[PDB]
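Enquirer:
2 protein chains.
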Amino acid sequence: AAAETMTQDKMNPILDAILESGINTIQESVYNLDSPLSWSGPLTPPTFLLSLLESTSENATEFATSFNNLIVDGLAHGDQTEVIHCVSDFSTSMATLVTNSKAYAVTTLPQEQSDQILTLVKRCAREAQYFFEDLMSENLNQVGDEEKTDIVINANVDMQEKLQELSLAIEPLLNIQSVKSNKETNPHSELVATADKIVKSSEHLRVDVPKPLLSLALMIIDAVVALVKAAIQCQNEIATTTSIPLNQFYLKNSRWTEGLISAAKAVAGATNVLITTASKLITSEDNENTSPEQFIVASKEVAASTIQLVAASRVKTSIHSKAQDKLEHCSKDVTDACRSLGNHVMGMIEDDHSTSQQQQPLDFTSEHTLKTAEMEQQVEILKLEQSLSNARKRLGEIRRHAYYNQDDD
Amino acid sequence: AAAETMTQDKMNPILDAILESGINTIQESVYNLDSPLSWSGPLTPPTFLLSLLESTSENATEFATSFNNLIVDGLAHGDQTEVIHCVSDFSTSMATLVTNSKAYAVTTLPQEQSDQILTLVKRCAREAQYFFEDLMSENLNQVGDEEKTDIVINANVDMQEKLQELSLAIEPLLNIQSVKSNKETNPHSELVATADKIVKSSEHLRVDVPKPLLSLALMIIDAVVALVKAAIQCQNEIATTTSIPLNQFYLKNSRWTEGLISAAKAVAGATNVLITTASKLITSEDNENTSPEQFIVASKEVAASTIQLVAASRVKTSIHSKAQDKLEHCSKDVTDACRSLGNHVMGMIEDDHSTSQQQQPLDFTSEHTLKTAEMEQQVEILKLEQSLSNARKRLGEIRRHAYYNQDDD
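Top to bottom, those sequences are chains W and Z.
Be aware that the first sequence starts at 1, since it is given in this note's numbering, and climbs by one per residue.
Be aware that the second sequence starts at 1001, since it is given in this note's numbering, and climbs by one per residue.
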């Protein structure tokens, strides 16, 4: 029909521009990738990264779905706000996957295996560029009217093959510990239980005369429980935003579900090592033991795992939630508290080690000695990046080999 | 106006969705920022980062200009492709600034000074959110018709105050090699001269019988000159895209200009240290003295500086240039060659050091000892990240204290 064609023709250029802005939104992340100015990125876990592969597939299917609805309504006649949201969410989630999976691959795997994964992430990123590019309007303009949906579904299935082959490249990485605890128990109840696990452990921790360092630890713990009580309310607001029971929701999203439980168990476990450390700072009043670095480690471990809990709690909400806002603000309370505790103990260390951490002047009159001195210096920043990328995987094996005994312990 | 009113019910909501997709394009980078998982990254110079501050200001002024033109053509009736490009370019360049300036601050500065810069990058990012937020058309439904341009220009000037105060936070970081003077000599002629500096130095090296390790270095140098000759065509593609003379172009963009010259001098200087290492041929046929790590440093230094030259060559374009494509592809030739030379020399080292780089099993049958062994591990990845963040600035002070002499010599 006429108006269906004429209003579509006016909005086809803008749809081309939005799509090309989509390609650019991805392409700016690929420029970023192949620039090694980007360096040592996220210690992102595979459990989360599978929920990105899944939510990518869902958003790609939502982009296909909303494109099919817009094909039936005439490719730019109908209201694009849904497609522009779905493009913008698929493009932002794909661009977040492409970012994250490079960071993850390069920081975790041996040479051939890292090289192998990146090659396929690139093919997936290019195939997503082909998803917008094999449409635009230029490539589509002559193709039969419904038949465009076969380009959509073939581009979908080939992308989904690359996502499945990418999935089959990440699935072999999963940890064995979940095998003995496949259960219907749900993360909501684990958070509700986590509150009591902490509170029953910390009932001990309200003596009649406090100490400076201890009080900061209580400010953390008290903020962490407030954060967990926010996290209890987060899912409950999702259960009212969604139109279906918690069981009918949880029974599909298994890869997100395991991410949220592993996050809840990381906050429980993290806080338990904080509480287990703070116990030394109350169960003796006398200075029988000290361990400042252990606090800096442990405070950074609560600070890192609490950020994973927000991120793992984020993926399923649009932002306007007061439970999200309260969780985020409470995470700033935890962040600032860990920063304060950090600054305090760093202060106690550097009170002495201002003697140790000194430097000497660097000027020279003879040019040969400058052109040499930088070529001395660039070799030290090699040995002390290899050492860090070498020892950071020995942890990833202590994460596995002993923990398969920890399943039975 | 009439057509402005008739389009409002459909076309304001989509413009709101595009703007909110703009806020989200930024907000995804701020969620990224305040997730420390998006960790220590780009070593990028202030010279480049000022061209981002400038091109942000120009794109912000182009978002102002194109929205002012749209305010005259009818607030959502007119062809939005220009505004949607300018929003998409301001949003991608701002999001790239917010990313890069966090990376730069945390990698370079002391505690107070890094804390200080990030605080203001956040205020600038929020003020940009307030800019699109103030254009979320609920605000423009109550402000007087032309008077919206005062919200635009006040939001602009306050952002520009934050960008100027941010600029004044980065300008104190600049260096003597251009702080002494700007000149009329231009980068085009420095590239043209760079070709001859390299070719006249490398006329020596080509001899009747080659060697394996040397041939790879000639593949680099030959690719690097091809890359520099591509870079000569890059500016002609800019200068023919523009209507104005090279002098009328160069006399404005001084911060970009110094970025491109310092990049060209980095590719000349990088290649000259590679050619100086191949000039270890000059003394002898026999191995008088050599070392491998010098090549790994130097090949990574050509590989890093050549990526800066492409990036510094991107900013003033659109992607469809054959000179851009040729430069990028040639940079892949250089990248792959450096990777090949890397792999070769790494191979020569590990042929021996397979003796050194060995590991032992990590399993345990006592939970206390596992829970301890991971807490032994987490402190080593502290000592060997402080050491790296400590020594990486003892280089950055050699960029000045001795280098002011070499900048004059």
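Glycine residues also receive a C-beta, built at the ideal position from the N, C-alpha and C atoms.
Looking at the structure shown, is Z/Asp-1208 part of a helix, part of a strand, or coil, going by DSSP?
Expert: Residue mapping note: residue 1208 of chain Z aligns to position 208 of the second sequence, counting from 1. It is coil, neither helix nor strand.
Enquirer: Go ahead and pull the three-state DSSP assignment for Z/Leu-1163.
Expert: Translated into the one-based positions of the second sequence, residue 1163 of chain Z becomes position 163. Residue state, collapsed to three classes: helix.
Enquirer: To the nearest angstrom, how far is it from the Cα of W/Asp-145 to the Cα of W/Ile-176?
Expert: Within the first sequence, the letter at position 145 stands for residue 145 of chain W. Within the first sequence, the letter at position 176 stands for residue 176 of chain W. Approximately 49 Å, taken between the alpha carbons.
Enquirer: Who are the Cβ neighbours of Z/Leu-1050 in its own chain at under 6 Å, not counting the five residues just before and after it?
Expert: Position 50 of the second sequence holds residue 1050 of chain Z. Result list for Z/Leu-1050: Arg-1255, in chain order.
Enquirer: Is it right to say Z/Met-1348 is buried, meaning 16 or more other beta carbons lie within 10 angstroms of its own, or is it exposed?
Expert: Residue 1348 of chain Z sits at position 348 when you count from the first residue of the second sequence. Flag for Z/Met-1348 reads exposed.
Enquirer: Thinking C-alpha only, which one of W/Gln-8, W/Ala-312, W/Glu-184 is nearest W/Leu-70?
Expert: The sequence position of residue 70 of chain W within the first sequence is 70, counting from 1. With distances taken between Cα atoms, W/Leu-70 lies closest to W/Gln-8.
Enquirer: Could you check whether the region 1304 to 1320 of chain Z touches the region 1223 to 1237 of chain Z, counting it as contact only if at least three pairs of C-beta atoms, one from each stretch, sit closer than 8 Å?
Expert: Contact holds: three or more Cβ-Cβ distances are below 8 Å.
Enquirer: Around the C-beta of Z/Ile-1153, are 16 or more other C-beta atoms found within 10 angstroms, so that it is buried, or is it exposed?
Expert: Here residue 1153 of chain Z is taken as the residue at index 153 of the second sequence, counted from 1. Exposed, because fewer than 16 other Cβ atoms sit within 10 Å of the Cβ of Z/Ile-1153.
Enquirer: Output needed in chain order: residues of the region 42 to 53 of chain W with a Cβ under 8 Å from some Cβ in chain Z.
Expert: Listed in sequence order: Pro-42, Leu-43, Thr-44.
Enquirer: Check each residue of the region 64 to 95 of chain W: if its Cβ is closer than 7 Å to any Cβ of chain Z, include it; give the result in chain order.
Expert: So the list reads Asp-79, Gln-80, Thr-81, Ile-84, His-85, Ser-88, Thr-92, given in the order they occur along the chain.
Enquirer: Considering Cα atoms alone, identify which of W/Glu-328, W/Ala-239, W/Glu-285, W/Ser-279 is closest to W/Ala-303.
Expert: Numbered from 1 along the first sequence, position 303 holds the residue referred to as residue 303 of chain W. Checked all of W/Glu-328, W/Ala-239, W/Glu-285, W/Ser-279; the closest Cα to W/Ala-303 is W/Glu-328.
Enquirer: Which residues in the same chain have their Cβ closer than 8 Å to the Cβ of W/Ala-298, if we skip the five residues on either side of it in sequence?
Expert: Mapped onto the first sequence, residue 298 of chain W falls at position 298. Correct list, in chain order: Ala-270, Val-273, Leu-274, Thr-277.
Enquirer: Given this structure, state the Cα-to-Cα distance separating residue 985 of chain Z from W/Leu-118, to the nearest angstrom.
Expert: Residue 985 of chain Z lies beyond the range of chain Z shown here (1001 to 1409); nothing can be said about it.
Enquirer: How is the alpha helix (DSSP H) around Z/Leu-1097 delimited, first residue to last?
Expert: Position 97 of the second sequence holds residue 1097 of chain Z. It spans 1081 to 1108 - the alpha helix (DSSP H) in which Z/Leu-1097 sits, taken as one unbroken run.
Enquirer: Under DSSP, the alpha helix (DSSP H) around W/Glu-58 begins and ends at which residues?
Expert: The residue labelled residue 58 of chain W in the question sits at position 58 within the first sequence. Residues 46 to 72.
Enquirer: I think Z/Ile-1018 touches Z/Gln-1129, with their Cβ atoms under 8 Å apart; what is that distance to the nearest whole Å?
Expert: Walking along the second sequence from the start, residue 1018 of chain Z turns up at place 18. Walking along the second sequence from the start, residue 1129 of chain Z turns up at place 129. 15 Å between Cβ atoms; not a contact.
Enquirer: On the three-state DSSP scale, how would you describe W/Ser-29?
Expert: As a first step, residue 29 of chain W must be located in the first sequence, where it is residue number 29. The answer is helix: DSSP assigns W/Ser-29 an H, G or I state.
Enquirer: Any beta carbon of chain W sitting closer than 8 Å to that of Z/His-1329?
Expert: To locate residue 1329 of chain Z, count along the second sequence from 1; it is residue 329. No - not a single Cβ of chain W is within 8 Å of the one on Z/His-1329.
Enquirer: Are the CB atoms of W/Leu-260 and W/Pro-187 within a distance shorter than 8 Å?
Expert: As a position in the first sequence, residue 187 of chain W is number 187, starting the count at 1. As a position in the first sequence, residue 260 of chain W is number 260, starting the count at 1. Cβ atoms of W/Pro-187 and W/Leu-260: closer than 8 Å.
Enquirer: Our contact map puts W/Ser-21 next to W/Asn-59 with C-beta atoms below 8 Å; I'd like the distance itself, whole angstroms only.
Expert: Looking up residue 21 of chain W in the first sequence gives position 21. Looking up residue 59 of chain W in the first sequence gives position 59. Wrong, their Cβ atoms sit about 17 Å apart, outside the cutoff.
Enquirer: Taking only the alpha-carbon atoms, compute the straight-line gap between W/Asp-351 and Z/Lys-1393 and give it to the nearest angstrom.
Expert: By 1-based counting over the first sequence, the position of residue 351 of chain W is 351. By 1-based counting over the second sequence, the position of residue 1393 of chain Z is 393. Whole-angstrom Cα-Cα distance: 22 Å.
Enquirer: Please report how far the alpha carbon of W/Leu-140 lies from the alpha carbon of W/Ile-244, in whole angstroms.
Expert: As a first step, residue 140 of chain W is located in the first sequence; it is residue number 140 there, counting from the start. As a first step, residue 244 of chain W is located in the first sequence; it is residue number 244 there, counting from the start. Straight-line Cα distance between these residues: approximately 38 Å.
Enquirer: Which residues in the same chain have their Cβ closer than 6 Å to the Cβ of Z/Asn-1032, if we skip the five residues on either side of it in sequence?
Expert: As a working mapping, residue 1032 of chain Z is identified with position 32 in the second sequence. If we look at Z/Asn-1032 and ignore the five residues flanking it on each side, its Cβ neighbours are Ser-1038.
Enquirer: In the region 249 to 273 of chain W, which residues sit with their C-beta less than 8 Å from some C-beta in chain Z, listed in chain order?
Expert: Flagged, chain order: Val-273.
Enquirer: Just tell me which of Z/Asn-1247, Z/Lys-1122, Z/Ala-1064, Z/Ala-1103 has its CA closest to the CA of Z/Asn-1156.
Expert: Translated into positions along the second sequence, residue 1156 of chain Z becomes position 156. Residue Z/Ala-1064 is the option with its Cα nearest to Z/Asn-1156.
Enquirer: Output, in sequence order along the chain, the residues in the region 1354 to 1365 of chain Z whose CB is closer than 9 Å to any CB in chain W.
Expert: Of all residues in the region 1354 to 1365 of chain Z, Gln-1357, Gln-1359, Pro-1361, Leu-1362, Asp-1363, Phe-1364, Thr-1365 have a Cβ within less than 9 Å of some Cβ in chain W.
Enquirer: Is the beta carbon of Z/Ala-1268 less than 8 Å from the beta carbon of Z/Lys-1197?
Expert: Numbered from its first residue, the second sequence carries residue 1268 of chain Z at position 268. Numbered from its first residue, the second sequence carries residue 1197 of chain Z at position 197. Yes, these two residues count as a Cβ contact at 8 Å.
Enquirer: Give the single residue among Z/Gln-1164, Z/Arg-1206, Z/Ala-1003, Z/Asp-1336 whose Cα lies nearest to the Cα of Z/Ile-1282.
Expert: Stepping through the second sequence from its first residue, residue 1282 of chain Z is reached at position 282. Cα-wise, what sits closest to Z/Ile-1282 is Z/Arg-1206.
Enquirer: Grab the span of the alpha helix (DSSP H) containing W/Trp-39 for me, first residue to last.
Expert: The count along the first sequence starts at 1 and reaches residue 39 of chain W at position 39. Element bounds for W/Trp-39: n/a, residue is neither H nor E.
Enquirer: Does the distance between the C-beta of W/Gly-22 and the nearest non-hydrogen atom of the ligand SAH fall short of 7 Å?
Expert: What this structure holds is no ligand at all, so the ligand SAH is not there to describe.
Enquirer: Name, please, each residue of chain Z whose Cβ falls closer than 9 Å to the Cβ of W/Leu-37.
Expert: Taking the first residue of the first sequence as 1, we reach residue 37 of chain W at position 37. Within chain Z, the residues near W/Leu-37 are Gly-1041, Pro-1042, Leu-1043, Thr-1044, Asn-1100, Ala-1103, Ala-1304, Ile-1307, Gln-1308, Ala-1311.
Enquirer: Output the distance between the C-alpha atoms of Z/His-1344 and Z/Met-1219, rounded to the nearest integer angstrom.
Expert: For the purposes of this step, residue 1344 of chain Z is taken as the residue at position 344 of the second sequence. For the purposes of this step, residue 1219 of chain Z is taken as the residue at position 219 of the second sequence. Going by the C-alpha atoms only, they are around 14 Å apart.
Enquirer: From the beta carbon of W/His-401, is the nearest beta carbon of chain Z less than 8 Å away?
Expert: Mapped onto the first sequence, residue 401 of chain W falls at position 401. Yes, contact with chain Z.
Enquirer: If the cut is a Cβ gap below 8 Å, which residues of chain Z does W/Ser-21 touch?
Expert: Counted from its first residue, the first sequence places residue 21 of chain W at position 21. The contacting residues are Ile-1084, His-1085, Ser-1088.
Enquirer: Would you mind telling me which residues of chain W sit closer than 8 Å to Z/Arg-1394, beta carbon to beta carbon, in chain order?
Expert: For the purposes of this step, residue 1394 of chain Z is identified with residue 394 of the second sequence, where counting begins at 1. Ordered by position in chain W, the residues that pass the 8 Å Cβ test against Z/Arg-1394 are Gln-359, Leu-362, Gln-377.
Enquirer: Should W/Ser-202 go down as buried or exposed, given a rule of 16 or more other Cβ atoms within 10 Å for buried?
Expert: By one-based count along the first sequence, residue 202 of chain W stands at place 202. W/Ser-202 is buried by the Cβ-count criterion.
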